[PDB]
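Novice: Can you keep this structure in mind? I'll have questions shortly.
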Amino acid sequence: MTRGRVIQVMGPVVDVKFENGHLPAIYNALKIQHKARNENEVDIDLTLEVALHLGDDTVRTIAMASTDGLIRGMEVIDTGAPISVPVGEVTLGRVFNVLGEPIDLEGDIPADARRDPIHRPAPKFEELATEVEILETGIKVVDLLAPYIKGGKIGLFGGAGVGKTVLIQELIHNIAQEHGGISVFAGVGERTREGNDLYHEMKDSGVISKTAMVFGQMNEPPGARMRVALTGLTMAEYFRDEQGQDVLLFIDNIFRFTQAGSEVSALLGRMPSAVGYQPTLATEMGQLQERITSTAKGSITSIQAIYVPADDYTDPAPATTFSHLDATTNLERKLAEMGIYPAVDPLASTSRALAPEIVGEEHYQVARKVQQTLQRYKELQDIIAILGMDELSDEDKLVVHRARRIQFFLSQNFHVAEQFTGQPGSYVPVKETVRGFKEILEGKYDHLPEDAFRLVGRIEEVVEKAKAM
Amino acid sequence: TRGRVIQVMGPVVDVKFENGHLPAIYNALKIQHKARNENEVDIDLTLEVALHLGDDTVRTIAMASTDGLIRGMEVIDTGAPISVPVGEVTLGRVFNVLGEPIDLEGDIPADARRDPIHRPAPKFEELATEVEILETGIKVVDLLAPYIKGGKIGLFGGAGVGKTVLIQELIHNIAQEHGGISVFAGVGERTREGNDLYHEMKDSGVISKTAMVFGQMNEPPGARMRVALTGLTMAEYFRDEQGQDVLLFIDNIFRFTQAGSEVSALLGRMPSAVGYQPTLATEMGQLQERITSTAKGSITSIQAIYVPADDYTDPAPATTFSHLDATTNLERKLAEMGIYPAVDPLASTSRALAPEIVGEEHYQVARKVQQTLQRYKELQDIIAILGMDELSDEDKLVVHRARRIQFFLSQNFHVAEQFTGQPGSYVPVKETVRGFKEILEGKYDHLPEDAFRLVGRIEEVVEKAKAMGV
Amino acid sequence: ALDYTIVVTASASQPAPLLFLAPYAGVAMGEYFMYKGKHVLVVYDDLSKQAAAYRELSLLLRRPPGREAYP
Amino acid sequence: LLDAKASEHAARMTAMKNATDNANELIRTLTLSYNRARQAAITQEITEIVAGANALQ
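Protein chains in written order, with my numbering: chain A, 13 to 481; chain B, -16 to 453; chain C, -5 to 65; chain D, -6 to 50.
Spelled out as structure tokens, the structure:
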């Protein structure tokens, strides 16, 4: 019988001994449920993830909650499978932890629901997508300068105060509006008050009825925080495989995933590699981020905030993530204080997709001309500072008068900001934003005032904001 | 009752006792062995117990060299830690780590009072509730970096800065005006400098006030570990019975930590952050929480620190800067100017110098002296390169008053009477506050830049300037 | 100069214990003349090679490393 | 002479702008060297700590 017995407890690391031949496989789940039989003992409900096999019929596990109260000799139940997480329609709108249990006060998921394993091999070479398709977000500065890929990894380098959560809520809204795509948020090791703030903002937004959240936050043991992105991703994989649709998957601060695995590996007793990282850095990051691919039936695209420790891109925890990134969207504070929403930096946001083979020729020429005019206008700032606005030339004065129109045209009215500014917001397709930036760059909309270009959706409705003023 | 030696690996010695008769931790174990043939060496060791192992064995630390030890020598259990003689017996004597006189003056008899080295720190209700100021009589210290009566001080100085002369006038002024015994505990620093300091104790004549304990670099790290604690248990007698405001000089508390790091790797402990022992902060705290001011007494402590490679982020200077209250920074440039004591007025700081502790007038005068000496420090390259006749007025006034200030900070010591002839001075704090206030206000701008050199009080400036000139 | 000086050599081909015990042999030869009343000068050429020889000496005797694997 | 004083102050303006830009790109290459040495220092210290721990086991 698969009943176990605890031998060693030392912090999160718990050694459990079974009988011979009845060992649990690696990565399985172990339910410890103990009702205290006297006043000495303490009630325990605690799950363990098998990590090693030590010999002498024993098993070394890592813990998902606190190990206080675990007695040498108490009973451990083998589940027979890894951590089974509920997926389906019953996860939409619900806040979950790493064990697939609802954090919310709304209710419990019944036992007959479908639960699929947490650890799964990546989708095979036979099953992937041959071509590279574009992911149409409806944000102009994303769909023009740093375009996304179905099955991509995108990096957010904003921080606080630049509207990162506003982009998150609008990407959920736009993909679930136009593409029919469920989103999944997964806060890997984030502040609990910021998790509650994000949940109340997505409840006020109304975007939540379409997303699913997973919070394994900072108070939990490292064995929880290493497995939280996997249980957001397992919720996304149901809608990729069974439903077949374009799913988002937000992993907030995946540096918390890397250092959570690092401290798990330090607890397990492994020799630390370069820069204190777990020897298995690149393969744990690979076992996360090779399940974020586009298969033949659907896709999972991912937007991932990245910490950038001691702000160098050569530290191994940024360096093994940047080898999976397909795009970056830098959020800059001086564009949010200027009044351009979203605050996406147009010159630092890069994309692997922005190429004429993937996207197209006209989009590429318009996007590179936009980057050239904004680069020239960024060069001209000191010249305007020391020489004044006049007496530059005719050509670079036309460059400034063109590029400030382009710079303010990059802002949209989001559907998220409707409860804040009252403006209904817009989804702008990629063909109309290429046509709009092309018609601005030709000089056709040059005579209009520049405050008509702020917070406007497309190019057919900048004429009405110029007409109202 | 009787235990034999198992392992000898450098300093550490493993001793196995009979069951039910193990010694507790920190006891002194002694090995008196006489050579039974010509193939052996006579041995006299003292072993401090450090750990208890499993099978009735005990891992100890040797106070001397373990060369000559045979696996199987019987070890005498004394039943107590290293008992160190205390009293008025120890005044004017120089001691070993074991409380034995290394000078040739004589032996201390066996019925004298001996106190154990290891004792807990004084408790929470036993300490003093207010911060009081240990008045030294040295004007740089009394003005710009006051000493807590019961606090921990840092001397940052090499040689040529007169660190021994500053130590001697601290001992002299405390034993003159406060009646406070001092204790010099030299922890692993340069036997040559220890002998120089002992002969200067003998010459100054202030030795009959101090008690000296030397365990130098030549001794194993058990002795360098326990020297600071046996100097401390010699000072705690005078605090705990005579009520005196005792000084306590530890020469390089850094050596107290690195001798422990030499020991602990042999003890079998996993290494810590900078290669230092895991028990860095608790050993440093068990040293420097016995140096506190109780209700009836005090132990203030001036502690030299050699920061290795001047790297203040190293864990042992970090752990011992967590306990300091002041720093007294001796500089060589001020010694070349002739300013004795050569305390750097801008780098030497203290926790005391805040107006709720020192007073309000003292705080304004000390902060204005720091501001004008900082402003004169900022004009060093301008005066040295561009010239003196070109600065401005309201900056030539600044360097004008700053020269008179940075010479008045020096004193004639009582110790330097044998070298210069002038009988020295003890200056109270109110009088040096009044003197620096009068120099800052501009009362003494017509006197030269001499007659502020090497004077005690502020009236001695004019009593010297009328002797020289106007 | 070789009518008043002694030279103690500990080559690189010699094993690590002979580089470990070379300064102690030199200062024992110095102590013999010092405790008679003579004046001795002892020059230890490259003590860092003694530190590396003692580092080898300890690491092969299974002693635990410290900073930069010195004991 | 007014022409020459104007060109003097403009030349010193351009010279100090070029010195500031040279110092800033020197700062950039020194921070690349600082990050390399920082990572190498942390991996040296961590392997020496773990080797001193493994020597006992």
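Beta carbons: idealized from backbone N, C-alpha and C, even for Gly.
Buried or exposed, going by whether 16 or more other CB atoms sit within 10 Å of the CB of residue 79 of chain B?
Specialist: Buried is the call here.
Novice: With respect to the alpha helix (DSSP H) encompassing residue 42 of chain D, which residues constitute its N-terminal and C-terminal limits?
Specialist: Per DSSP, residue 42 of chain D belongs to the alpha helix (DSSP H) from -5 to 47.
Novice: Keeping to the same chain, check which residues put their C-beta closer than 8 angstroms to that of residue 386 of chain A; ignore five residues upstream and five downstream.
Specialist: Excluding positions up to five away in sequence, the list reads 358, 359, 415, 418 and 419.
Novice: Just confirm the distance between the C-beta atoms of residue -14 of chain B and residue 58 of chain B, as a whole number of angstroms; I'd bet it's less than 8 angstroms.
Specialist: So it is a contact: roughly 5 angstroms between Cβ atoms.
Novice: Under three-state DSSP, which class holds residue 367 of chain B?
Specialist: Correct three-state label for residue 367 of chain B: helix.
Novice: Is the CB of residue 1 of chain D under 9 angstroms away from at least one CB in chain B?
Specialist: No - not a single Cβ of chain B is within 9 angstroms of the one on residue 1 of chain D.
Novice: Could you tell me which residues DSSP puts in a beta bridge with residue 11 of chain B?
Specialist: Answer is B:31, bridged to residue 11 of chain B.
Novice: Give the residues of chain B in contact with residue 20 of chain C, contact being defined as C-beta atoms less than 9 angstroms apart.
Specialist: Neighbours of residue 20 of chain C on chain B: none; closest Cβ ~17 angstroms, over 9 angstroms.
Novice: Which of the three DSSP states is assigned to residue 266 of chain B in this structure?
Specialist: Three-state DSSP puts residue 266 of chain B in a helix.
Novice: One question on the structure: do residue 176 of chain A and residue 167 of chain A come within less than 9 angstroms of each other, judged by their Cβ atoms?
Specialist: The answer is no: Cβ separation not under 9 angstroms.
Novice: Compare the beta carbon distance of residue 152 of chain B and residue 120 of chain B with 9 angstroms and say whether it is the shorter of the two.
Specialist: In contact: residue 152 of chain B and residue 120 of chain B (Cβ atoms closer than 9 angstroms).
Novice: Can you tell me which of the three DSSP states residue 86 of chain A falls into?
Specialist: Coil at residue 86 of chain A, not helix or strand.
Novice: Give, in chain order, every residue of the segment 277 to 303 of chain B whose Cβ lies closer than 7 angstroms to some Cβ of chain C.
Specialist: Taking 7 angstroms as the Cβ-Cβ cut-off against chain C, none of the residues of the segment 277 to 303 of chain B qualify.
Novice: Give the single residue among C:7, C:15 and C:23 whose Cα lies nearest to the Cα of residue -2 of chain C.
Specialist: The option with the nearest alpha carbon to residue -2 of chain C is C:23.
Novice: Based on the DSSP secondary-structure assignment, which residues constitute the bridge partners of residue 126 of chain A?
Specialist: According to DSSP, which records beta bridges pairwise, residue 126 of chain A is partnered with nothing at all.
Novice: Exposed or buried, residue 401 of chain A, counting other C-beta atoms within 10 Å across all chains shown (16 or more means buried)?
Specialist: Label assigned to residue 401 of chain A: exposed.
Novice: Hey, residue 210 of chain B and residue 171 of chain B: beta-carbon distance below 9 angstroms or not?
Specialist: In contact: residue 210 of chain B and residue 171 of chain B (Cβ atoms closer than 9 angstroms).
Novice: With a Cβ-Cβ cutoff of 9 angstroms, do residue 157 of chain A and residue 379 of chain A count as a contact?
Specialist: Contact flag set, yes.
Novice: Under the assumption that residue 325 of chain B contacts residue 314 of chain B (Cβ atoms under 8 angstroms), give the Cβ distance between them as a whole number of angstroms.
Specialist: Rounded, the Cβ-Cβ distance is 6 angstroms, consistent with contact.
Novice: Output yes or no for whether 9 angstroms exceeds the beta carbon distance between residue 219 of chain A and residue 261 of chain A.
Specialist: Against a cut-off of 9 angstroms, the Cβ pair of residue 261 of chain A and residue 219 of chain A comes out as no contact.
Novice: Output, in chain order, the set of chain D residues within a Cβ distance shorter than 7 angstroms of residue 254 of chain B.
Specialist: What residue 254 of chain B touches in chain D: 42, 45 and 46.
Novice: Quick check on residue 152 of chain A: buried or exposed, where buried means 16 or more other Cβ atoms within 10 Å of its Cβ?
Specialist: Label assigned to residue 152 of chain A: buried.
Novice: Whose CA, out of B:452, B:414 and B:431, lies closest to the CA of residue 441 of chain B?
Specialist: Measuring from the Cα of residue 441 of chain B, the nearest candidate turns out to be B:414.
Novice: Output needed for residue 100 of chain B: all residues of its chain with C-beta closer than 7 angstroms, excluding positions within five of it in sequence on either side, in chain order.
Specialist: The answer, listed in chain order, is 64, 65, 67, 209, 212, 213 and 216.
Novice: Along chain B, which residues have their Cβ under 8 angstroms away from the Cβ of residue 61 of chain C?
Specialist: Ordered by position in chain B, the residues that pass the 8 angstroms Cβ test against residue 61 of chain C are 257 and 258.
Novice: Can you look up residue 99 of chain A in the DSSP assignment and give me helix, strand or coil?
Specialist: It is coil, neither helix nor strand.
Novice: Considering only C-alpha positions, which residue in the set A:53, A:457 and A:76 is nearest to residue 42 of chain A?
Specialist: Comparing Cα-Cα distances from residue 42 of chain A to each of A:53, A:457 and A:76, the minimum goes to A:76.
Novice: Straight-line CA distance for residue 46 of chain C to residue 11 of chain C?
Specialist: So the two alpha carbons sit approximately 11 angstroms from each other.
Novice: Looking only at its own chain, which residues have a Cβ that is under 7 angstroms from the Cβ of residue 162 of chain B, when we skip the five neighbours before and after it?
Specialist: These residues qualify, in order along the chain: 227.
Novice: Name the DSSP bridge partner or partners of residue 261 of chain A?
Specialist: DSSP lists A:314 as partners of residue 261 of chain A.
Novice: Give me the Cβ distance between residue 259 of chain A and residue 199 of chain A, rounded to the nearest whole Å; I'm assuming they're in contact under 8 angstroms.
Specialist: Contact flag wrong, Cβ pair sits at about 17 angstroms.
Novice: Three Cβ pairs or more, each shorter than 8 angstroms: is that satisfied between the segment 260 to 267 of chain B and the segment 0 to 19 of chain D?
Specialist: No: fewer than three Cβ pairs fall under 8 angstroms.
Novice: Taking the C-alpha atoms as reference points, what is the distance between residue 394 of chain A and residue 388 of chain A?
Specialist: So the two alpha carbons sit approximately 11 angstroms from each other.
Novice: Taking 8 angstroms as the cut-off, does the segment 13 to 21 of chain B touch the segment 77 to 94 of chain B (at least 3 CB pairs, one atom from each stretch)?
Specialist: Too few Cβ pairs lie closer than 8 angstroms, so no.
Novice: Name the chain B residues that come within less than 7 angstroms of residue 49 of chain D, Cβ to Cβ?
Specialist: Result: 251 and 253.
Novice: Which class does residue 196 of chain A belong to by DSSP, given the choice of helix, strand or coil?
Specialist: Reduced to three states, the DSSP call for residue 196 of chain A is strand.
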